[PDB]
Structures are given as C-alpha cells and as structure tokens.
Amino acid sequence: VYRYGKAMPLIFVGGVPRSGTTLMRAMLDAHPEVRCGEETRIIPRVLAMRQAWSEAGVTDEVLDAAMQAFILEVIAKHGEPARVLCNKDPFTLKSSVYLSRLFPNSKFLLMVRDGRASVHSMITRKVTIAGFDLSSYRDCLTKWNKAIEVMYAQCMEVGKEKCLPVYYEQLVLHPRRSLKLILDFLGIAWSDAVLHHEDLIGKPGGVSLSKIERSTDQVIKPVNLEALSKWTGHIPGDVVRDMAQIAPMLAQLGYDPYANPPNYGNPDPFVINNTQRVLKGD
Amino acid sequence: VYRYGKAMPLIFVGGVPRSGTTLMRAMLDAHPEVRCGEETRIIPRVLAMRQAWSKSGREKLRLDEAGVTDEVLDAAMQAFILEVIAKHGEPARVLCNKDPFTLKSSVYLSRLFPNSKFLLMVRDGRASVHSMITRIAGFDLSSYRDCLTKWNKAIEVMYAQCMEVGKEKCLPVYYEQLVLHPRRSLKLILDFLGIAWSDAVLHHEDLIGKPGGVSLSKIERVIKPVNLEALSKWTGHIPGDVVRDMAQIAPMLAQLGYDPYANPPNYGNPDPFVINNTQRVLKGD
Ligand SMILES: Nc1ncnc2c1ncn2[C@@H]1O[C@H](COP(=O)(O)O)[C@@H](OP(=O)(O)O)[C@H]1O
Ligand SMILES: Nc1ncnc2c1ncn2[C@@H]1O[C@H](COP(=O)(O)O)[C@@H](OP(=O)(O)O)[C@H]1O
C-alpha cells in the first residue's frame, strides 16, 4: 500500500539528451525502493505550455495546484509502484526551480556529459531534438551550450542541497564511488544492485525500458567505457578551432575545450571487466 | 468544510459563444448551493492538447510504451481539471464550470466525471453570428456566410456529443425558451440536475459580487435581469443572399427546431415576469 502526495521524496533526473540520463535513471530503477521508469514526453510538454501562460480566477496558486496533481498522477501511474518515486525526462531540468517550489522535497540530478560526446552521439545516431539541427556540429554545440547553461543556472539557484551535478564520465569510470555519494545526497540507504542494473531489466521492482527510446540498446549492457571518447577525431577542424567560442560552458564545467579529448581519468577494475564482458557478447 | 473528488456532481455549461451561456451560469451561481464562476480558459486548452496526443498516431505508440496510457492521462486530466474547478472561485456544495467549447468533448468529460451533468445552450445561430459579428478559435471576422457555416459545424458536433451522452446526462437548453420562460426552464433544469429549487435563481442580478452567488470577470464580453432585448434584434441585418441560402449554410437550425425560412421564427410569448424585467432595464434600474 503506497501513498503519494505533493510532499513526498521525488527524484528528477535530467540534462541534455545523450548525457547518459537513461543510464542514470536505470541504476535507480534497479534499486528496490526506487522506480523512475521511461521518459514520459508529456511532463516536459505540459511544463512548456505552463511556462508559456505566465481575472478568470486562474491565479498562479491554481495553475501550480493543477500542475502538482497532473504530474503526480503521471509518475505515480505510468510505471510499477515503489516507496521512492523518480522521473526521467531530459528537458525537465529546465524548469527545476519551479519544480522545487511545487514539490518541496523533490531532489534533482543534472547529468553533465562532454557536449562533444553528446553532440557527436546525437549527430551520428540521428536523434532529432527541440531545435537541434543535425547538419552542423557548430549549430548543435551552440545549442547544447545554450541548453546546458540554463539547466545549470537553475540547478545553482536551486542549491547544493536539492540539486546534484552528475558527471557521466565520472560515473562510467567510478560507478561505485559515484552512486554512493548520489544516493547519499539523495539520503537513501545503500544497495549494490545499482551496479548490476543490467541484471534487472523487465524484472519487477527494477528497470522498465522503452523499446523505442534511443538510449536503450546501450543501457542493456552494464556500465561500460566504450562511449567516453569515441567522439574524438570526428569534429570538423574549424569547430575544434572555434571550440571555446562555441562552447564557453565546456570550460566552466571543467571541460578543457582544447583538450582533444581531455584526460577524464582512470577506470575501476569493475568497469574494465564489464567492458571486456561487453566485447565478448554477454 | 467542502470535499471534492472525481465522482462528485459537476455541472458543465457550454455551447457556441454568444448563446447566453453567461446568463445560464450567472443564474446558476446565484443558487446558494452552486458555484460556476468565470471562464477558466485553461481547461479547454489542456483538453485540446490531450486530444491531440491521442489524436496522434506516432506519439500514442510512444506514450503507451512509456507506461503513459489513456488511464494515466485521464487520471492526470481529472486531478488537473478538478483542482482548477475546486480552487478558481468560492467553495460550493455543487461545483460548475463554464467554458464554451468544453462541450465539444463531453463524451470524454462524462467518462472522466461519472456524475457530471451537461447543459448545452442552444441559441438560433442567426442571433449568435450577428452578436459575434457586431460586438473565437475557428471563426472569420468579415463574412456572415463563413460565421454561420462555422456556427453550424460547431453546434453539429456538440449536439451529437450531447446525444451520444444521453438525455440523462445531457440537456439541450433553449436560450429563447429560457429568456421567455425563466421560471419554467429553471424548474426543468434543477429537476434534471436533481438540485433543490431556490428562489435566488430568478433574482441573479441582485447577487453579483455577493458571497455564495455570482462572480464575474470585468473583461469577459448579464448584469441586468432576464430581458427580452437580445431575442430578435438580429433580423434585418442579414445579407439577403445569406438569407436566401439559409437552409444549405445551416441545415442544423432546421433539425434543432429553428425555421431557416422564418425571419424570425415565432419564438413564443413572454412571461409577465420577463416583460416587467425588460421594463425596469429600459428605465435604468
Ligand atoms: N551501460 C552504459 N554504459 C555507458 N554508457 C551508456 C550505458 N547505457 C547507455 N549509455 C549511454 O547513454 C548515452 C545517451 O544518453 P541518454 O541516456 O541521455 O540518451 C549514450 O551515449 P553514446 O550515444 O555516445 O554512446 C550511451 O553510450
Ligand atoms: N440578463 C440578460 N437577459 C437576456 N439576455 C442576456 C442577459 N445577459 C446576457 N444575455 C445574452 O447572452 C449573450 C452572450 O452570452 P454568452 O455568454 O453565451 O456569450 C448576449 O447576446 P447578444 O450579443 O445578441 O446580446 C446577451 O444578450
């Protein structure tokens, strides 16, 4: 018997697409106490319009009250129940300041991935997004740039207490250390299942996957390294050149725009072994 | 302490604008047990979208897969619409809402609120199209021919809806009958609603801005009691050609009980109550 209300502890995962957000949430679904389930599509959509509209008696208080209820139901109902509910829709983190006012005990994880990886990913994989023109890296990166800048600004306004930035490459390399702190920030008791998400797909309490969502056939495998840097070499020289003009965020976030790639770090044995397993066809 | 939930008894007012929907609701608000309030503008808005999503072919496939099914949607819709209706005005025992185009989706609305009732305001389209031309999403600002055809398509849908809905849930309410016979119509309506008669109903003008009664927006396009003035004023101002093609432009008038060739039809005879009301208004009360 699970209760759900305005004031419950919620988790919102997000960031720019291709930022291992599916990965992020999948490890949280695997946790027994937690469910995120797939991307809703609808929640961002109703927020987009929500943004838009801000005598009829239709005051801020009402719209918000209506939003609360609307969103609550979707998350609650769109998947299997749990004690801690979570939702993953990349662009939500756009409205996070608002979201925090609605659900004063929700928390936020903002997936930060080298946009060079993100933009490569979306370009090679043909993943059409809101305004992201697939024909120019320059376009995409500017866009990524604008995008990320905002969500971060939000996350920062929000506060260290409610929003936690989550570095995809830090995660891929050191999943064990990562999740620990994550759930700690989240304030939930440890479970090792996190690292074994791959083993909980289509299984109850665990991880529910959309077979038409794009970041699927990669999340099916365990935390693997293959993606971190396959982007390097593919960037148009002139873009590589204008790198810090097109994406000053790179720098701010600690991504050396002129490092091609940077040195992200060194892998845990766990991950290496996983990656190996991946090449073998497990 | 007023409670609220999915299944409570709701009143939906609607119909093509300039059909006296404000009157209808204004008189309802006057009831001490009832509150409709203003047009919200948002509810029909969200519905349309919800419609679209389902009215899609590719996004549904998507949405279901995500675990976001009709049920959830509906669940959300409910929760959403509810709040608005619950919060936007004064608390009441019976809650009602008025947003013209709502009644375009009553089929779905009734599925959402199994104990909701619907009043479809039906005013001769010649008096609405004139009203609207002289004083909407879908309509054209420079043709009577276009305004009517459109009134036509619009009212043709809301009625089929009201009809599939069932006499029991949906009641066509005739503007001219209401204005002519306010005590008769309101008796037949509270009845169909199963709401106890109160006398405050016929005295709506005295209860604007007053607690338990009629709340108005000062920028909606009613302040006077039930008056005869708006009934036949439309006649004479219709381009002869549109008066010639009347039955093709709106076959609906005919089936609704409006004679497309009577200019006007003979609507009926006023209550001594509505005449004395028409008289106090010409005097400046
Ligand atoms: N188990 C896993 N290990 C590492 N990366 C994963 C993963 N599952 C999914 N991903 C990554 O998820 C990224 C897309 O992120 P999102 O989840 O926001 O769409 C993909 O980036 P690439 O397309 O560069 O590989 C993919 O590599
Ligand atoms: N007290 C009253 N008596 C008669 N008709 C009224 C009224 N208050 C409002 N109405 C009518 O309701 C119509 C607008 O209603 P709605 O809310 O459906 O748009 C107007 O039509 P006209 O524009 O022809 O005058 C107006 O005459």
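Numbers run from 1 along the shown chain.
For this deposited structure, the header notes the method as X-ray crystallography, 3.5 Å.
Backbone N, Cα and C define each Cβ position, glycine as well.
The feature disulfide bond is assigned by Swiss-Prot to A:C36-A:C86 (among others), with experimental evidence given as support. A sphere of 10 angstroms centred on the C-beta of A:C36 (disulfide bond) encloses 29 other C-beta atoms.
Annotation source Swiss-Prot lists active site, proton donor/acceptor at A:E39. Listed in sequence order, the residues of the same chain lying 6 or more apart from A:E39 (active site, proton donor/acceptor) and placing their CB within less than 8 Å of its CB are A:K88, A:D89, A:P90, A:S210, A:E213. Under the three-state DSSP scheme, A:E39 (active site, proton donor/acceptor) falls in the coil class.
Non-local neighbours of the region 'Interaction with peptide substrate' (A:41-45) in the same chain are 71, 74-75, 87, 89-92, 94; each lies 6+ residues outside the stretch with a CB under 8 Å from one of its CB atoms. The region 'Interaction with peptide substrate' feature in Swiss-Prot is assigned to A:41-45.
Taken from Swiss-Prot, the feature site 'Transition state stabilizer' applies to A:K88 (among others), supported by a curator's inference. According to DSSP, A:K88 (site 'Transition state stabilizer') sits within a strand segment.
Using a 10 Å Cβ-Cβ cutoff, A:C155 (disulfide bond) registers 23 neighbours. The disulfide bond annotation in Swiss-Prot covers A:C155-A:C163 (among others), and the record cites experimental evidence as its basis.
The Cβ neighbour count for A:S215 (site 'Transition state stabilizer'), using a 10 Å radius over every protein chain in view, is 20. What Swiss-Prot lists as site 'Transition state stabilizer' is A:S215 (among others), and the listing cites a curator's inference.
Taken residue by residue with DSSP, A:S215 (site 'Transition state stabilizer') is part of neither helix nor strand, so it is coil. Reduced to three states, the DSSP call for A:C163 (disulfide bond) is strand. With a cut-off of under 6 Å between the Cβ and any atom of ligand 1, the recorded positions A:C36, A:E39, A:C163, A:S215 reduce to A:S215. Gap check: 10 residues are unmodelled from A:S54 to A:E55, and the C-alpha separation across it is 13 Å. Of the recorded residues, A:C163 (disulfide bond) and A:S215 (site 'Transition state stabilizer') place their C-alpha atoms 23 Å from one another. Here the Cβ of A:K88 (site 'Transition state stabilizer') has 26 other Cβ atoms within 10 Å, regardless of which shown protein chain they belong to.
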